[PDB]
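Observations on the model geometry
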Amino acid sequence: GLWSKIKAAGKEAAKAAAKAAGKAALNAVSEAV
C-alpha cells in the first residue's frame, strides 16, 4: 500500500507554487502594460 495520502499531500505540496505562482504572475501582466 505505497503512496497513500497523495491527493492530500500533493495539494499541500503544491501550495508552495500556489503563492509563488500568482506573485510572479502579476509581474508579467504588470510589465506588459
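Method of structure determination, per the deposited record: solution NMR was used for this entry.

Focus: the overall build of the chain
Scanning the chain from terminus to terminus reveals 1 helix and 0 strands. If one aligns the C-alpha atoms of the chain with their principal axes, the spans along those axes are about 50 × 10 × 10 Å. Burial analysis of the chain (33 residues in total) assigns 0% to the buried set. Element-wise, carbon and sulfur atoms account for 69% of the exposed surface of the chain, whose accessible area totals about 3100 Å².

Brief notes about the environment of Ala14
Topologically, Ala14 is positioned in helix α1 (residues 6-32). For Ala14, a relative accessible area of 43% gives the class partly exposed.

Side note on α1
Quick reminder: α-helices carry 3.6 residues per turn. Residues three or four places apart thus point the same way. A rise of 1.5 Å per residue sets the reference length of α1, with its 27 residues, at 39 Å; its end C-alpha atoms lie 38 Å apart and thus fit the reference within 8%. At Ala14, α1 is deflected by roughly 30°, the largest bend along its length.

Rules behind the numbers
Residues numbered from 1 in each chain as written, not as in the entry; some residues may be left out. Heavy atoms only, no water. Helix = DSSP H or I, 4+ residues; strand = E, 2+ residues; numbered from the N terminus. Buried < 20%, exposed > 50% of the residue type's maximum accessible area, 1.4 Å probe, protein only. Areas by Shrake-Rupley, 256 points an atom, 1.4 Å probe, with all protein chains shown as cover. Expected span 1.5 Å × (residues − 1). Bend = angle between axes of the 7 residues up to and from the residue.

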